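Protein chains in written order, with the numbering used here: chain R, 549 to 1095; chain E, 67 to 467.
All C-beta atoms in this analysis are idealised placements derived from N, C-alpha and C, irrespective of residue type, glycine included.
Okay, so here's the structure we're looking at.
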Amino acid sequence: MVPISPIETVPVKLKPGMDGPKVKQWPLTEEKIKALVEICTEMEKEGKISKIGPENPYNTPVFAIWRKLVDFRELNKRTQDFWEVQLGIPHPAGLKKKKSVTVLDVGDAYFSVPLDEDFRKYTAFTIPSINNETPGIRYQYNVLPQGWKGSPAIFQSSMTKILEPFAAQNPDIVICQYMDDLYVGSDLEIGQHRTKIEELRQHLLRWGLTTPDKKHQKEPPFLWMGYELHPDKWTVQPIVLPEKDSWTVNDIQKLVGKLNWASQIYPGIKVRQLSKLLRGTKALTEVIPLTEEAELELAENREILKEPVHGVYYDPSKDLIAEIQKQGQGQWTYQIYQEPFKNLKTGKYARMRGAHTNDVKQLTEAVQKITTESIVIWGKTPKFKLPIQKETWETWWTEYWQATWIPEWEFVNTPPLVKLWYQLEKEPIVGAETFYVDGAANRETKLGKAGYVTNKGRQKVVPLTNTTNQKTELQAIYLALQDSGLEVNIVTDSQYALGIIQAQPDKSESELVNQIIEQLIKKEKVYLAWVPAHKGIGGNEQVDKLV
Amino acid sequence: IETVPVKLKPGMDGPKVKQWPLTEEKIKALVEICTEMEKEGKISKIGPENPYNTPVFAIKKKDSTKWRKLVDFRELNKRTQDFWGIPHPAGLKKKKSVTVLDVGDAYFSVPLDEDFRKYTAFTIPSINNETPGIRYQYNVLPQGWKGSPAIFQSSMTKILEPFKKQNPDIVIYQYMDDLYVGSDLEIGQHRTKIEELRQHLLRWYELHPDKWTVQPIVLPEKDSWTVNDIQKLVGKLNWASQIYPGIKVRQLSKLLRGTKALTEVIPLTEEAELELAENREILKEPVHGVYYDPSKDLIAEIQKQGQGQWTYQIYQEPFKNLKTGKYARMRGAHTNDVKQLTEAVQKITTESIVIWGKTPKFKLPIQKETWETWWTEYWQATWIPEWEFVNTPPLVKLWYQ
Ligand SMILES: *CC(=O)N(C)c1cc(Oc2ccccc2OCCn2ccc(=O)[nH]c2=O)c(C)c2cc(C#N)ccc12
């Protein structure tokens, strides 16, 4: 016999202060008992388990579905935490094309990785006796049991330590571990490739691990995690949008799931209205009617999803480009590619929940998201193509009160273009009328007043019902914008209104703020000055609006 | 040569912080660095039985092209038991010049306690999540961990004993992996003395706090005031009245009576001139009842003033500023707001280390996603402070300009 190299065992402990499992074995039928006796006899003959005496106080229930299935949920609750087997799902667009990709089944190695001997006693289980007239057969695992908390991580780490020298001495190939399968890709000639595959089978056999000589079951196209992986391209598994006379909540969640999933390769997917119908429902069986916007959006989706689209694999010798387009209603779409008309992947970005916003902030956030995703998938930031002029961005970030930055980018003339819709003056305007505005409201009756007095003697006060102080302050500014020329100075004491306007929104939840924005867009010059209230600053008339 | 027992605070488990994504060049740099460290026994590979993690990235210090490995030990530092202390040198900030030296390599000669090593685990990440990452743990005192200067403190005293006995006029302070050496000599004599100290430490950053002072509130001096000028003056005086009690604005607000054009010139009455002069005299005095409490956090606020200018205030209680300043230095960040902000944060943190011996909690005028996306690209310091984000534009910005 050729000596087999021993696999180093991982020291395993229980959670602090806890003790091993002690679960009562379920009574089994005589047939199931016989089946488990045969299976456990074979496994004991193979070395996966070993018989133990009565000194072991631990027990884990065993079932047969024959097939043996041990329920380790309690021991899993009591087992220490391990490092994750994965920190994320690989994305197909990050894979690098290979002339040959071979699949090796290392499933038989799962039972060949030994278990820490001080921990084996916690895996004890009992086969019940026929008619329960003898003591049940007591076993404990000597290898990583299927279903135990630490089996995948210990198996992956053991396999990685085994494969490390083979991967080091063969830098012209690529070895990837995924569950109980190894994937070996290379650009070598097919003969040299199969040769190095045989070398890997030998190197693995030096630890006693067996790879099947049988022709494998996996072969192009690889179906994996909702993906189709082809030798030269990738896509998502076929996305079929069902025809429904009426849509329920789970149908809309299935549809928004199919659309979100399809959006990573199909450009232009929109999910705003369909996901908007799921607002605050929390009822899985509730039937919700479709708005017309959801119907137009769904029709555009069916038009985009009518014929297959594929993405290409990553070529590190070419540049990485990401292009963004605005879709409206806080929706954005983007394509990441290295060659024109050949996308690596696509995606979308929806604006965050907020009371006020503008397009520039949303484009910025989308750029940050694409940057992070790109560093995840490819390990580098892409060059951006953005629908915004250089002078627009320069004006924005030079005048914005927050620090902001977008990485290397270039302007692409693809409407709608992101623009600045208004810009407030830095100094008071000579020759322009000066509107002193104020508003006030009663906390109990909700009655208020909003108005202005100007240097030319122009005045206005408007009474309001069902309003607040903030609403009357905004309303006062709005009135000043309504009744003034193309250039106007505006004096307010509202720290709230100044806080809103200095954030430079172009859209808002409040219709009053949106009206103020529409007024600001029409003006040529607007200077907004703030003063402290109740300080006797004449013009600023708190009494005119508190009557 | 002998390990000192170290443990965590009662009831606290080790750190489990997600590793953030890294570029390919930073990953390769970390692979080279960590391979070399593994050859030197400073770190060792670990198995899946280690669930703890602390983030790692790579930087490039000043005047150097070599990559450096930076570990974000903030969570482990707050989860590590308190070590005990030495009173902060109040004379370090009064010295004419201070020089910062990186003494982090000396920590690697002292082994780390056996049972504590598993809490220093870190992960070199893989591109596209193909592997769970290359996992390491430290065998020696790691750079950036608060226990390293506390454990090495005796050895550092033994090494610095001859130099401190030779020059009693030189102040020496230690914070994390940095050594602050303050004196009053000439720049050339200071540099030769720094080479003397570095060759002294070998066989075993110009900073001038004297050119830094606190910034008072100033009011404009004009011969003709417009309505707008007076309105801004009344606003600033009203804001300063929260800090200084006797500030009075009623005589200046008297001039704003009536609805006048913003650009209209208004002459100052005599009562208004007297009020403004009294306000100047009040502002020339220091703030009443301003003290430092070592048990409280330090809070630093930064305002972007445009044109590469930044203002900052360090305080513990509102309107009780312990330090104010204006960073306008331009160093290869003329077109990058985030790089300027990161450099300002590092400078303010350094000043706070010199003055109080701890780092402040920053309020950054930036969206969370932008900052968290880009701040590691421009970070050059060994330590990392805490920060939060302000999303509403503060009105007081122009009052610090
Ligand atoms: C190993 C792993 O983590 N994943 C996600 C994985 C990768 C696959 O592709 C692969 C393996 C080794 C080397 C190179 C590549 O892919 C390069 C691009 N490419 C893909 C497919 C192809 O036929 N030719 C190519 O050049 C594959 C194929 C997987 C398949 C399955 C399944 N079932 C799961 C995971 C992976």
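Query, Result
"According to a CB-to-CB cut-off of less than 9 angstroms, which residues of the region 437-452 of chain E neighbour chain R?", "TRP437, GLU438, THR439 and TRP440"
"If we cut at 8 angstroms on Cβ distances, does R/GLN812 have a partner in chain E?", "no"
"Following the continuous beta strand (DSSP E) through E/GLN379, name the residue where it begins and the one where it ends.", "375-383"
"In the DSSP assignment, what residue or residues form a beta bridge with R/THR881?", "R/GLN873 and R/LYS896"
"Just curious, the beta strand (DSSP E) that E/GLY372 is in, first and last residue?", "365-372"
"What does the Cβ neighbour count give for R/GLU913, buried or exposed, with the cut at 16 atoms within 10 Å?", "buried"
"Identify the continuous alpha helix (DSSP H) that holds R/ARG668 and give its terminal residues.", "665-668"
"Where DSSP assigns a beta bridge to R/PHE932, which residues make up the other side?", "R/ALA870 and R/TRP957"
"Using only CA atoms, which one of R/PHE889, R/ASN690 and R/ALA903 lies nearest to R/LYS1055?", "R/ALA903"
"Quick one, are the C-beta atoms of R/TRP809 and R/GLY756 less than 8 angstroms apart?", "no"
"So with Cβ pairs under 8 angstroms, would you call E/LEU322 a contact of chain R?", "yes"
"Closer than 7 angstroms: is that where the CB of R/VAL722 sits relative to any heavy atom of ligand 1?", "yes"
"Once the 5 residues before and after E/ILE225 are set aside, which same chain residues still bring their CB inside 7 angstroms of it?", "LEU267 and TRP270"
"To which residues does DSSP link R/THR650 through a beta bridge?", "R/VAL732"
"Touching or not, the region 174-186 of chain E and the region 435-455 of chain E, by the rule of three or more beta carbon pairs under 8 angstroms?", "no"
"Does residue 43 of chain E come out as helix, strand or coil in the three-state DSSP assignment?", "The structure shown does not extend to residue 43 of chain E, since chain E is modelled only from 67 through 467, so no value can be given for it."
"Taking buried to mean at least 16 other C-beta atoms within 10 Å of its own C-beta, is E/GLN308 buried or exposed?", "exposed"
"Quick one: does the C-beta of R/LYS744 sit closer than 7 angstroms to a heavy atom of ligand 1?", "no"
"Go through its chain and collect everything with a Cβ distance to R/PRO676's Cβ below 7 angstroms, but skip five positions before and after it.", "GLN573, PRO575, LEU576, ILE581 and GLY684"
"Once DSSP output is grouped into helix, strand and coil, what is the label at E/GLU454?", "strand"
"Suppose the cutoff is 6 angstroms on Cβ atoms and the five residues either side in sequence are ignored; what does the same chain contact list for E/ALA306 look like?", "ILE283 and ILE313"
"For the region 1060-1091 of chain R, which residues have a CB atom closer than 9 angstroms to at least one CB atom of chain E, in sequence order?", "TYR1075, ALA1077, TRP1078, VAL1079, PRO1080, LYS1083, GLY1084, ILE1085, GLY1086, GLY1087, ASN1088 and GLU1089"
"Taking 8 angstroms as the CB-CB limit, is E/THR146 close to chain R?", "no"
"State the Cα-Cα distance for the pair E/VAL280 and E/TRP465, rounded to the nearest angstrom.", "16 angstroms"
"For the pair the region 378-398 of chain E and the region 937-945 of chain R, tell me if three or more CB-CB distances fall below 8 angstroms.", "no"
"Relative to the alpha-carbon of E/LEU328, which residue among R/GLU1021, R/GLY695 and R/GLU975 has its alpha-carbon at the smallest distance?", "R/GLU975"
"When you compare only the Cα positions, how much space is there between E/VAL331 and R/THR1015?", "38 angstroms"
"Inspect the beta-carbon positions of R/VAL960 and R/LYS917 and report whether they are closer than 8 angstroms.", "no"
"Of all Cβ atoms in chain E, is any one closer than 8 angstroms to the Cβ of R/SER1032?", "no"
"Quick one: is the Cβ of R/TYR861 within less than 7 angstroms of any heavy atom of ligand 3?", "Of the ligands one can find in the structure shown, namely ligand 1, none is ligand 3."
"Which chain E residues sit within Cβ distance under 9 angstroms of R/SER1056?", "Near R/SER1056 there are no residues of chain E at all, since even the closest Cβ is about 15 angstroms away, more than 9 angstroms."
"How far does the beta strand (DSSP E) with E/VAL164 in it extend, from its first residue to its last?", "163-168"
"With the cut-off set at 8 angstroms, would you say R/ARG686 and R/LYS762 are in Cβ contact?", "no"
"DSSP three-state label for E/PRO234, please.", "coil"
"Got a sec: does ligand 1 put a non-hydrogen atom nearer than 7 angstroms to the Cβ of R/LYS616?", "no"
"Let me check one thing: in DSSP terms, what residues is E/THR89 bridge-paired to?", "E/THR89 pairs with nothing; no bridge assigned."
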